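Spelled out, the chains give:
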Amino acid sequence: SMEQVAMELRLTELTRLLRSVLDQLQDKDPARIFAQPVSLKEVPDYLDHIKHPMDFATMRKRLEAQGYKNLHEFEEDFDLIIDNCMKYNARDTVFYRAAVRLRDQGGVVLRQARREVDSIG
């Protein structure tokens, strides 16, 4: 139908906007700490600690499959990245500190994304 097409076009455009958001958030992780899944070869007990692992490569896969229906879903996954790290790693570590800086810097990007999503509909 024409309606399904128009709905598909909306999703495509949201995907374009989320791709730009994702690129901007990932630039705030220049050490690439959050770029890939935590390795289960190298941290074999990780899943005993963290039940829903997340990382930027995994978000990118979902994004490119148009698997984010709205900004809320995308934000949920970004928050997992931060929140998982801040639980597994102690406060005095380069990992925890990188998550705090990513959270703080990402807030600005996400604040305007929410306005753009609402604005363009």
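Regarding how it was determined, this PDB entry cites X-ray crystallography in its header, along with a resolution of 1.6200 Å.

Asks: Please clarify how the pattern of salt bridges should be interpreted in this entry.
Replies: Within this structure, the stated rule accounts for 6 salt bridges. Residue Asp 23 pairs with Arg 60 through a salt bridge whose shortest N-O separation is 3.1 Å. On the criterion of sequence distance, the pair formed by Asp 23 in helix α1 (residues 2-27) and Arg 60 in helix α3 (residues 56-64) is long-range, its members being 37 residues apart. The exposure class of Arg 60 is partly exposed, given its relative accessible area of 26%. Because the salt bridges share partners, they merge into one network encompassing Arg 62, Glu 73 and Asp 77.

Asks: Whenever I open this one, the nonpolar core confuses me. Can you help?
Replies: Counting residues in hydrophobic clusters, the biggest one holds 26 residues, and the most contacted among them are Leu 25, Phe 34, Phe 56, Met 59, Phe 74 and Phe 78. For this core, the elements supplying multiple residues, two or more each, are α1, α3, α4 (71-88) and α5 (94-120). Per-element tally for this core: the top contributor is α5, with 8 residues. Among all residues touching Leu 25, those that are not within four sequence positions of it are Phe 56, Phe 74, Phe 78, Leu 102, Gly 106, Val 109 and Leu 110.

Asks: What is the right way to read the packing of aromatic side chains from this model?
Replies: The description of an aromatic ring pair rests on the distance of the ring centres and on the angle between the ring planes. All chains considered together, the criterion is met by 3 aromatic pairs. Summarising the aromatic geometry, the rings of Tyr 46 and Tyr 88 are spaced 5.2 Å apart at their centres and angled 70° between planes, so their arrangement reads as edge-to-face. Of the two residues, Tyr 46 sits in helix α2 (residues 46-49) while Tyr 88 sits in helix α4, which places them 42 residues apart along the sequence. By relative accessible area, which is 7% here, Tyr 46 ends up buried. Given a relative accessible area of 32%, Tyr 88 falls into the partly exposed group. Ring centres of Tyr 68 and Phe 74 lie 5.4 Å apart, and the angle between their planes is 75°; on these two criteria the pair is classed as edge-to-face. Judged on exposure class, the residue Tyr 68 and its partner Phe 74 are both buried.

Thresholds, definitions, all that
- All residue numbers are counted from 1 along each chain's written sequence and may depart from the entry's numbering; residues that have no coordinates are not represented.
- Note that water and hydrogens are dropped before the side-chain values are worked out from all heavy atoms of the structure.
- Residues with missing side-chain atoms are left out of burial classes, side-chain pairs and their counts.
- Should a side-chain nitrogen of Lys or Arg be within 4 Å of a carboxyl oxygen of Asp or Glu, the pair is scored as a salt bridge.
- Every helix listed is a DSSP run of H or I at least four residues long, and every strand listed is a run of E at least two residues long, numbered separately from the N terminus.
- When a residue's accessible area, from a 1.4 Å probe over protein chains only, is under 20% of the maximum for its type it is buried; when over 50% it is exposed; and in between it is partly exposed.
- Among buried residues, those of type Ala, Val, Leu, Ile, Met, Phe, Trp, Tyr and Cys that are joined through side-chain atoms within 4.5 Å constitute a nonpolar core.
- Contacts are assigned to residue pairs with any non-hydrogen atoms lying within 4.5 Å of each other.
- To pair, rings of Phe, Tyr and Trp, with the six-membered ring standing in for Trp, must have centres within 6.5 Å; the planes then decide the type, stacked if under 30 degrees apart, edge-to-face if over 60, and tilted in the middle.

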